[PDB]
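For reference, the structure is listed below as structure tokens.
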Amino acid sequence: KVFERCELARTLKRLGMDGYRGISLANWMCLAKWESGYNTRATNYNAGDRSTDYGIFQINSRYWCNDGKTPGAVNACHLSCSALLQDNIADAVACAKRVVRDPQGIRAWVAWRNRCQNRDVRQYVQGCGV
Ligand code: NA
């Protein structure tokens, strides 16, 4: 599914993302926007290293979820990558929280650096009641 902006903001708040490991809600929103356009079924194959990015947060099969076909991969969220293509985002949120528990934090996603870091990100949550 493709969330509307404020619908996702309210959903993420209920799921405990606001301030998780120091990361504001507006930063999570900015990341989902630039990774997937708020689309849970989004996938991107990376032909250069044979891994695939999955779902609303584009989580990578080399480190985070298992898809069987990625060489040298681990599965730190302990999920099939299929779990990250569901319309219900509970598992993908649980996996995103595991990602930012490593030292890099939100910097793990290069699009956060290019598109969100040191910007005015208030725009993503304005008017949503969160
Ligand atoms: Na994996």
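Residue names in the structure tokens use chain letters A, B, ... in the order shown, residue numbers from 1 in each chain, and ligand numbers from 1 in the order shown.
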
query = So which residues are near ligand 1, meaning at most 9 Å away with only C-alpha atoms and all ligand atoms counted, given back as a PyMOL selection string?
reply = chain A and resi 51+60-76+78-81

Restricting it to N, CA, C and O atoms, dump the selection as a short mmCIF file (atom, residue, chain, number, x, y, z; two decimals), in the first residue's frame.
```
data_model
loop_
_atom_site.label_atom_id
_atom_site.label_comp_id
_atom_site.auth_asym_id
_atom_site.auth_seq_id
_atom_site.Cartn_x
_atom_site.Cartn_y
_atom_site.Cartn_z
N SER A 51 22.38 -7.70 -3.91
CA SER A 51 21.44 -7.54 -2.80
C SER A 51 20.20 -6.76 -3.27
O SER A 51 20.20 -6.22 -4.36
N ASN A 60 17.99 -3.46 3.55
CA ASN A 60 18.84 -4.25 2.66
C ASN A 60 19.02 -5.73 3.07
O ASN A 60 19.23 -6.05 4.25
N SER A 61 18.90 -6.61 2.08
CA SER A 61 19.02 -8.08 2.30
C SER A 61 20.42 -8.57 2.67
O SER A 61 20.54 -9.70 3.09
N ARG A 62 21.47 -7.77 2.48
CA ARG A 62 22.82 -8.23 2.92
C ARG A 62 22.96 -8.38 4.45
O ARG A 62 23.63 -9.29 4.92
N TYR A 63 22.31 -7.51 5.22
CA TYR A 63 22.53 -7.45 6.67
C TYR A 63 21.27 -7.76 7.48
O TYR A 63 21.37 -8.28 8.60
N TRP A 64 20.09 -7.45 6.92
CA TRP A 64 18.89 -7.30 7.78
C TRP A 64 17.78 -8.33 7.71
O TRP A 64 17.14 -8.63 8.73
N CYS A 65 17.50 -8.82 6.51
CA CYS A 65 16.45 -9.81 6.33
C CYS A 65 16.96 -10.88 5.39
O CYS A 65 17.92 -10.63 4.64
N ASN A 66 16.35 -12.07 5.42
CA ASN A 66 16.77 -13.15 4.50
C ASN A 66 15.91 -13.30 3.25
O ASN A 66 14.69 -13.40 3.36
N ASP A 67 16.54 -13.33 2.07
CA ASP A 67 15.85 -13.64 0.80
C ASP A 67 16.50 -14.84 0.05
O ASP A 67 16.12 -15.19 -1.07
N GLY A 68 17.45 -15.48 0.71
CA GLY A 68 18.06 -16.68 0.14
C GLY A 68 19.06 -16.45 -0.97
O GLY A 68 20.06 -17.15 -1.04
N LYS A 69 18.82 -15.47 -1.84
CA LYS A 69 19.63 -15.31 -3.06
C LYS A 69 20.77 -14.30 -2.91
O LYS A 69 21.47 -14.04 -3.87
N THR A 70 20.96 -13.72 -1.73
CA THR A 70 22.01 -12.73 -1.55
C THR A 70 23.28 -13.40 -0.97
O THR A 70 23.20 -14.01 0.09
N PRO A 71 24.42 -13.32 -1.65
CA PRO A 71 25.65 -14.00 -1.19
C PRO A 71 26.23 -13.34 0.04
O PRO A 71 26.28 -12.12 0.12
N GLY A 72 26.65 -14.15 1.00
CA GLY A 72 27.39 -13.64 2.15
C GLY A 72 26.52 -12.83 3.08
O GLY A 72 27.00 -11.95 3.80
N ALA A 73 25.23 -13.12 3.10
CA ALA A 73 24.31 -12.26 3.81
C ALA A 73 24.03 -12.78 5.21
O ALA A 73 24.20 -13.98 5.51
N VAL A 74 23.64 -11.86 6.09
CA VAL A 74 23.12 -12.22 7.41
C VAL A 74 21.69 -11.66 7.53
O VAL A 74 21.22 -10.95 6.64
N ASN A 75 21.03 -12.02 8.62
CA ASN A 75 19.60 -11.74 8.82
C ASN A 75 19.38 -11.26 10.27
O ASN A 75 18.91 -12.03 11.11
N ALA A 76 19.74 -10.00 10.53
CA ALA A 76 19.79 -9.47 11.89
C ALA A 76 18.42 -9.16 12.47
O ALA A 76 18.27 -9.19 13.71
N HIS A 78 15.94 -11.06 11.91
CA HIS A 78 15.33 -12.39 11.98
C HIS A 78 13.98 -12.46 11.30
O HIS A 78 13.00 -12.88 11.92
N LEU A 79 13.94 -12.02 10.04
CA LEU A 79 12.73 -11.97 9.22
C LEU A 79 13.03 -12.43 7.81
O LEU A 79 14.12 -12.19 7.26
N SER A 80 12.03 -13.06 7.21
CA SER A 80 12.01 -13.19 5.76
C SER A 80 11.82 -11.76 5.24
O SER A 80 11.08 -10.95 5.84
N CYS A 81 12.47 -11.46 4.11
CA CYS A 81 12.35 -10.16 3.46
C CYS A 81 10.92 -9.93 3.00
O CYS A 81 10.50 -8.79 2.82
#
```

Can you pull out the residues contacting residue 117 of chain A? Cut-off 10 Å, using only C-alpha atoms, and skip same-chain residues under 2 positions away; I want them as a tab-separated table (two decimals) with N, CA and C atoms, in the first residue's frame.
```tsv
chain	number	residue	atom	x	y	z
A	27	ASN	N	12.13	12.92	11.16
A	27	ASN	CA	13.28	12.26	10.48
A	27	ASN	C	12.90	10.91	9.88
A	30	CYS	N	10.85	11.78	6.76
A	30	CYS	CA	11.74	12.17	5.68
A	30	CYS	C	12.45	10.94	5.02
A	106	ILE	N	20.66	6.46	12.26
A	106	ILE	CA	19.93	6.80	11.03
A	106	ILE	C	20.86	7.05	9.80
A	107	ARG	N	22.14	7.29	10.06
A	107	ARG	CA	23.14	7.51	9.01
A	107	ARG	C	23.41	6.29	8.17
A	111	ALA	N	20.47	7.95	1.72
A	111	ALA	CA	19.49	8.99	1.34
A	111	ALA	C	19.13	9.90	2.53
A	112	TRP	N	19.16	9.39	3.77
A	112	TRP	CA	18.96	10.30	4.92
A	112	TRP	C	20.02	11.43	4.94
A	113	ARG	N	21.29	11.09	4.73
A	113	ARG	CA	22.38	12.08	4.65
A	113	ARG	C	22.17	13.12	3.55
A	114	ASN	N	21.83	12.66	2.34
A	114	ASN	CA	21.67	13.54	1.15
A	114	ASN	C	20.46	14.43	1.27
A	115	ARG	N	19.37	13.87	1.81
A	115	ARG	CA	18.04	14.50	1.70
A	115	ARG	C	17.45	15.05	2.98
A	119	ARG	N	18.52	19.57	7.48
A	119	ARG	CA	17.43	20.29	6.80
A	119	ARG	C	16.33	20.60	7.79
A	120	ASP	N	15.46	21.51	7.38
A	120	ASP	CA	14.20	21.76	8.09
A	120	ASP	C	13.23	20.63	7.73
A	121	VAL	N	13.10	19.62	8.59
A	121	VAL	CA	12.22	18.46	8.30
A	121	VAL	C	10.80	18.56	8.93
```

key: Residue among A:104, A:29, A:44, A:23 lying closest to residue 7 of chain A, counting only C-alpha atoms   =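 Of A:104, A:29, A:44, A:23, the one nearest residue 7 of chain A, counting only C-alpha atoms, is A:29.
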
Who sits within 8 Å of residue 40 of chain A, only C-alpha atoms, same chain under 3 positions skipped, as a list in words =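 Counting only the stated atoms, we get residues 1, 2, 36, 55, 56, 84, 85, 86, 87 and 89 of chain A.
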
Let me see the file: selected residues, N, CA, C and O atoms, as a short mmCIF file (atom, residue, chain, number, x, y, z; two decimals), in the first residue's frame.
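Saved to selection.cif:
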```cif
data_model
loop_
_atom_site.label_atom_id
_atom_site.label_comp_id
_atom_site.auth_asym_id
_atom_site.auth_seq_id
_atom_site.Cartn_x
_atom_site.Cartn_y
_atom_site.Cartn_z
N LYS A 1 0.81 -1.24 0.00
CA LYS A 1 0.00 0.00 0.00
C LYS A 1 0.84 1.29 0.00
O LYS A 1 2.05 1.27 0.36
N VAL A 2 0.20 2.39 -0.40
CA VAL A 2 0.84 3.71 -0.41
C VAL A 2 0.12 4.54 0.64
O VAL A 2 -1.02 4.93 0.41
N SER A 36 10.98 5.33 -0.45
CA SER A 36 9.91 4.56 -1.12
C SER A 36 8.69 5.39 -1.59
O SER A 36 7.79 4.85 -2.26
N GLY A 55 10.75 -2.65 0.84
CA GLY A 55 9.61 -2.04 1.59
C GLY A 55 9.76 -0.55 1.79
O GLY A 55 10.61 0.11 1.10
N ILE A 56 8.96 -0.04 2.75
CA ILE A 56 8.80 1.39 3.00
C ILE A 56 10.11 2.09 3.41
O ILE A 56 10.34 3.29 3.10
N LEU A 84 8.53 -7.58 5.02
CA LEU A 84 8.75 -6.16 4.77
C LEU A 84 8.06 -5.64 3.53
O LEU A 84 8.29 -4.48 3.13
N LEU A 85 7.22 -6.48 2.92
CA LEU A 85 6.37 -6.10 1.79
C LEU A 85 4.87 -6.13 2.15
O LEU A 85 4.02 -5.97 1.28
N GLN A 86 4.56 -6.32 3.42
CA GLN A 86 3.15 -6.35 3.87
C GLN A 86 2.58 -4.95 3.96
O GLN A 86 3.33 -3.99 4.09
N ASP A 87 1.24 -4.84 3.91
CA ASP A 87 0.57 -3.55 4.13
C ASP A 87 0.62 -3.09 5.59
O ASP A 87 0.59 -1.90 5.85
N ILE A 89 2.70 -2.46 8.75
CA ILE A 89 4.13 -2.15 8.84
C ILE A 89 4.78 -2.50 10.18
O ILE A 89 5.90 -2.07 10.42
#
```

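Neighbours of segment 101-103 of chain A closer than or equal to 8 Å, with only C-alpha atoms counted and sequence neighbours fewer than 3 positions away skipped, come out as residues 21, 97 and 98 of chain A.
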
Best match for closeness to residue 5 of chain A among A:43, A:126, A:58, A:88, counting only C-alpha atoms = A:126
